[PDB]
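Accompanying notes for the structure given below.
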There are 18 protein chains.
Amino acid sequence: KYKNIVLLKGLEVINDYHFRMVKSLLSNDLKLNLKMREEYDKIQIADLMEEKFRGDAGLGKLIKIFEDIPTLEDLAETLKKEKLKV
Amino acid sequence: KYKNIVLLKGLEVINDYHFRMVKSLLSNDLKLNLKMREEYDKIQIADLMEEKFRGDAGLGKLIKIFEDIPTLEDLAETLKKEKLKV
Amino acid sequence: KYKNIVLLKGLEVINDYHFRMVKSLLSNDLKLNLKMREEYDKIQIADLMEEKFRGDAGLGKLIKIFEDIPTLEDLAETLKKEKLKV
Amino acid sequence: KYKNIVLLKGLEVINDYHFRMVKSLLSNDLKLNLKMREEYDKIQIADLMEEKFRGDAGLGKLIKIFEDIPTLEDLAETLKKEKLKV
Amino acid sequence: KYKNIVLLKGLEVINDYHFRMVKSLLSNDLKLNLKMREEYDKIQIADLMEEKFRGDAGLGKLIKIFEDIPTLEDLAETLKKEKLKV
Amino acid sequence: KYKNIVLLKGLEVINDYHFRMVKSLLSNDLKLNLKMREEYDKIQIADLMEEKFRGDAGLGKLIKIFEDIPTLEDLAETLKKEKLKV
Amino acid sequence: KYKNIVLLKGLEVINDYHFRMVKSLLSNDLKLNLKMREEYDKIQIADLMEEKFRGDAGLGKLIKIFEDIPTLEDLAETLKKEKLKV
Amino acid sequence: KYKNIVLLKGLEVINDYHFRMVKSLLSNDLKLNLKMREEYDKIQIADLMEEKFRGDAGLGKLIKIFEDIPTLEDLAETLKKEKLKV
Amino acid sequence: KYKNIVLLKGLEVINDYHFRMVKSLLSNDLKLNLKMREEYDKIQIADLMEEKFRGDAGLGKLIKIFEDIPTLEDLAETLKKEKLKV
Amino acid sequence: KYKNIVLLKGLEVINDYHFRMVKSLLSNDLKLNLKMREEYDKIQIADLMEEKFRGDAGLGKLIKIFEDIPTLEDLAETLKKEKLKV
Amino acid sequence: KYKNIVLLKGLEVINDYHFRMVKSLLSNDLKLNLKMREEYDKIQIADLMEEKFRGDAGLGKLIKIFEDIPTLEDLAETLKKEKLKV
Amino acid sequence: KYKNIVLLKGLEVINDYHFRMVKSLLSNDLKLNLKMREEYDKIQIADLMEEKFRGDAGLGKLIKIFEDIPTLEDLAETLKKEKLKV
Amino acid sequence: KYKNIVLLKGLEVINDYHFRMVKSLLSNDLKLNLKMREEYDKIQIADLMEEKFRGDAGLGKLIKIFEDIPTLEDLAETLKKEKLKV
Amino acid sequence: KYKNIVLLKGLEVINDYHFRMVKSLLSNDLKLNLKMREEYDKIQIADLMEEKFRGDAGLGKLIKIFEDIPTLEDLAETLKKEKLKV
Amino acid sequence: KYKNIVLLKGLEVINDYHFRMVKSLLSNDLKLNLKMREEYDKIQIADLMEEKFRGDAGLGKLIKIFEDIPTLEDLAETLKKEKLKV
Amino acid sequence: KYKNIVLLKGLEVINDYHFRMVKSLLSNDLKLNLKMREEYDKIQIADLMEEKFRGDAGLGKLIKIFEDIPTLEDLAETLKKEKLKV
Amino acid sequence: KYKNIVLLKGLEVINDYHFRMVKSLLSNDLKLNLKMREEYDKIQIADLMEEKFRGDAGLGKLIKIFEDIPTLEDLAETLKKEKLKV
Amino acid sequence: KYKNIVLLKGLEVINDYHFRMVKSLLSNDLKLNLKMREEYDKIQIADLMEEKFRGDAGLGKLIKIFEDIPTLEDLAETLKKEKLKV
């Protein structure tokens, strides 16, 4: 149920600019070309995360990204709490 | 008559974005491959839920999914009320 | 003459998507297997309803199905008026 | 001569889908069992209508059937004109 | 010679379905019971026409039937041409 | 005179399929072997029924057979009318 | 020797269906009643042909009949060749 | 009288598709070769079943077949009722 | 004894369609005219095989025909086994 | 007495088609020419079998022929029972 | 032998759609009227082609037809190989 | 050989959507009523065009139809080239 | 030839959104029910126009509809030119 | 023709944001659930307006809504002029 | 009784798409040519499997086919249970 | 068993867009005309692959196609694993 | 194999906005009407390039288009490298 | 090729505000309503301009507009150079 956390409590609590920043930061880690960089959305990004990051469905890397963003530090802590719960 | 709740008062009220959300979230619990991710519509998704979630026709898991969606919290409460009525 | 209403003023007025909805929702009430889900058309479905719903030829159950569909509320009212007439 | 109109200008102008639908709608009025619904063609259906509807060879009930069919409304009017002619 | 036209250029140019339809339409005009409806072939039907339609051996009524058959309109014209030839 | 009804207005009105059907259904009641069931025509069948069914010359059992055959229900009614006439 | 062509190379080559065609078409030309049309075989038909058609033993009319039969056009040509030989 | 039911109420009430399926499913129990599989009709199939299933004229096995046929479950129940009547 | 195989295990096991192919493909080898092509039945055809194929009563050519028919390949193998037995 | 079984319980129980089968298959064993093939009836065939098959009056070979006929296997068993009876 | 290729490896390998296409394309070359287009099966069609195309029993024209059908190009090549073999 | 081009390089190369468009556009020129519009396939449509457009078997009119279709301009040019070749 | 203009130069040039607009605006003038709005494609919509708008096959009303759509003003002018030509 | 004004001169002159505002303001008056808020386009909205606002096809309420929006006051005046014209 | 499971509980439950899948996948294992792929229905396919897969009447290979189909996994499990029962 | 992999683990896991890509890229390698582009489904496409790519049943070319599609890289690896297994 | 480059390394790497730009720029060189401007996706557009730009399947013109797009200069260089490779 | 210059070297280089001023200044010359003021992007604007400014695809008036903008004077000179080149 790691995809539930990364999709509901993750990419869908942050705004569009932060989602674009997350996509750009994980473009190399998900092999996102030009089309996927601007066309893919939160559902498709989470599905690709699960497909390529089966260990934790990309929750760890999402938390690491959210740590560096000052606006999303609280959300990173919440995601850490969710991961500890599950 | 649970599938009449998950299909009429459930997947149909939600827009296409939230339906894709649900399909992605329930992909592991419904064994949806790449084709079923984008091809199956609400009728076939509800039928597959009834086939694989015979205990509650997927209504409980749909309500749990809708709880974490800020937009569909009211719909989750309505589905809870419908389930209690049935 | 109840099958006349449920066929010509019923399934024949709704599109293929709503017809698939009706076939799925009445699957338990008509014992439709996988083949009947994707092969039976409006004529066969109406005949099967009349066979298994001899009390009202499935017109009433179709009416409750159409009530929950926001698009077919007017058709549900029309079917109610037709049932009252006959 | 009524059977000439109900066959040549009737069942033989409408397609197979409408022919099956007519056969279903007249199953109770013609006592068609499972074999007759899926086996009888337009010739034998017209003959049975003439046998069991000697008043008008089934032309009138065919016209009332065609009235509710939006596609065959023009053919219903043509059948009315033919009946008025004869 | 009129029986030559109705049997050679007539009932034997049309297929079995059209021959059955002709037999059904002329059932009242030839007093065909159940047996003769599906047992008499083209030879016996033409003989019965000549027996009961001695004015024209049924050629006129066969042409009238063929006129309403869109598939056999050309054959109706050919039969008319042959009749005016003889 | 019951032979006249059962032959002229009976077996001679039904087609070959229904005659073979009657022969099969009356095989036990007429002790028809392999040769008789396949080779005997309507005349010999009526004569044998008169010989073995002297109470009503087989008219009652033929009517009972014709009752259950939907194509021959009208002929069964006609045979009943003939029986009450005679 | 005209009987040999019309019989051995004529009616004895066509099947029973085409022979019944020939018997029916020449019923007026041979004065064949109900029994003669349905009982006479090819030998007696050829004998009656010679009896009533002394000019050519019925070969010319048989060829004319075979001309209009599409299946027997080759046989008609063969009969023409035999007549030219004789 | 068991054959009197399996023919009127059985193989003839079902369509040709179901009759062929019945013939295939009873091929081993009736020793039907290649010819008899698609040459034997309902009358001959019923006669063969009565010959080889003298205990119940094949009514029990026909009911067992009809049961697993979703379309013919009602006919199976009717056959059970008729057997109990006999 | 070879006629016992070509008839009982040969033409009498195949249906009417396969028998018509057999009669057809052997028209040149059996000098079958228009009449014999659709009049001769299995007994007469087998007798003609024995008359004109004294070497093996036509069993070899029948097996060769059955080889190219995919439906009757098993029957061809059975005929080969019977020939090796005798 | 063996002639009684082969005639009364034998050839006279099978139909004309199977009788022609028997005549053709026994043509070599009975020296049946062209005339005897389609002129000798069951009485004459049984008499010739008794004249030529004095060991068992042809009962054994008739049973062997009936074994290969799927329709007459039951009659072959009956003839075997009669032979062991006598 | 050219019939063997055109029938067993020819019209009988293609489905009913392609067979109707062939009958249609050969209607002018075989003089098939309205009846023969919708009634003639593969046996009678092949016999007619041999009768009218004695040079190669219509194998060349069938191969030319099959060339233009993309689905039957492999079958056309196989027929060419068979023709070169024979 | 004009029907060969219109059926092979014509209607068979275009998809079902374009075939339905062609059938609709030629409905007035072919007198296609309601049944033929949704029932006739490419083989029967080509035969009807040849019957009613004997000057060019409908190839020219098909070319003019294909000219206005942007997808089938290349096929229209190919059909023009084929017509110039023949 | 007005339907050739309204279809090829009309509905087939506009995209799906404008086609749905044409269907919706002409719903009252064509009596399109709920099914017909979401099911009928350009071929069937044009055929229905020609059936119900025999004066100009619906070209005038299509042009009037296209006038108010800013995107399709050029197509409206082109259709006006086509109508003036025809 | 009120649907023509509300669609072509109405929702299609306003941009996407104003259309969303119109949909949100008429959510209660049209019973639009969450799916219809974000999925229904101008064609579907106009059709629903005609279905539920048959008095003026929603033109009056659309004009009232446009009055409150300063950007669309000119469009509201134009729609008033169009309503006065029709 | 293995053919009972593979037919009634097997191919008759799947829709036409999955049946075509089964026919294509078993083409090499059943030697189905071009005609057999597009013409055989469930009855004749089941008969062919029983003929060629005598070890398990094709039930095992059908189960392995149904395993890889995500839609028919439940049907594969049901067929496994049926095989274990028998 | 290569066609099993290319169908069940190949085209049946990818959606309609990827399947249209597949058919498109291999149009030259499969000689798919305009009809085959939009009509052939996965079963017919896989059958044509096996017919024209007997070396690997089209599995290898499908793998090279899936390699270039970023969404189907995992499925390409799975197909490579399946090929290595078989 | 140039369609593979223009489709996989080309139009599918670019986002939807750049694909619309490419469709616009190649509209004159591909004769794209109003429908194809907004309806044709990447598969259809690449196929149209192959049909109309057989020299290089439109790869050269696509590269020229990508040169003027600052975002897609790297993709233009990659396409040049692919063309040099193939 | 004037559209390539106006779209790539023109509207694609200027930012959003300059493009909005270009759309506002060209609104009268392009007949853009309220929706087209904001919704239309550079691709659609360039298309429209080609449609209505066929003399130079809008390059001349775009250059004239860019002349008055001090920021885009260099781009205006570059567009003049491109026009002179082409």
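Note: ideal-geometry Cβ built from the backbone for every residue, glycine included; neighbour counts use all protein chains shown. Where a number appears in this text, it was derived from the coordinates with a stated rule and is not lab data.
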- request: Identify all residues within the range P:67-81 that are touching a residue at least 40 places away in the same chain (Cβ under 8 Å) and part of a helix (DSSP H, G or I); write none if there are none.
  value: P:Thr71, P:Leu72, P:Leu75, P:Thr78, P:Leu79
query: Which residues, taken from the range K:29-86, are within 30 Å of I:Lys35 (Cα to Cα), touching a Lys or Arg at 6+ places or on another chain (Cβ under 9 Å) and acidic (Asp, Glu)?
result: K:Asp29, K:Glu38, K:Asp41, K:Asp47, K:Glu50, K:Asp56
field: the range O:9-53: number of residues that are within 14 Å of chain K (Cβ to nearest Cβ), farther than 18 Å from P:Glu50 by Cα and buried (at least 20 other Cβ atoms within 10 Å of the Cβ)
entry: 0
task: Answer yes or no as to whether B:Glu82 is of a type in the set (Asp, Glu), over 25 Å from C:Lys31 (Cα atoms) and over 12 Å from the mean Cα position of the chain (by Cα).
output: no
- prompt: Of the residues that make up the range N:30-44, is at least one closer than 30 Å to B:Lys42 by Cβ and in contact (Cβ under 8 Å) with a residue 40 or more places away in the chain?
  reply: no
message: Looking for something of a type outside the set (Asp, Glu) and at positive phi - is there at least one such residue anywhere in the range I:46-57?
response: yes
task: Please state which of the following conditions F:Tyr2 fails to meet, knowing it meets all the rest: (1) touching a residue at least 40 places away in the same chain (Cβ under 8 Å); (2) hydroxyl-bearing (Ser, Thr, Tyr); (3) within 25 Å of E:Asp41 (Cα to Cα).
output: (3)
Condition met for E:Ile63 (closer than 17 Å to D:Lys42 by Cα and within 14 Å of chain D (Cβ to nearest Cβ)): no
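Those residues that are under 21 Å from M:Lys1 (Cβ atoms) and within 14 Å of chain N (Cβ to nearest Cβ), I need them from the range M:66-78; list them, please.
M:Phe66, M:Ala76
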message: Looking only at the range E:48-66, how many residues end up being part of a loop (DSSP other than H, G, I, E, B) and out of contact with any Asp or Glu (no Cβ under 6 Å at 6 or more places or on another chain)?
response: 5
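Can you pull out the residues in the range O:41-66 that are over 12 Å from the mean Cα position of the chain (by Cα) and under 16 Å from O:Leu25 (Cα atoms)? Let's see the steps before the verdict.
Going through the range O:41-66, the residues over 12 Å from the mean Cα position of the chain (by Cα) turn out to be O:51-52, O:54-55.
Across the range O:41-66, the qualifying residue is only O:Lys52.
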message: Please verify whether R:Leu32 is more than 13 Å from the chain's Cα centre (by Cα) and on the phi < 0 side of the Ramachandran plot, treating the condition exactly as stated.
response: yes
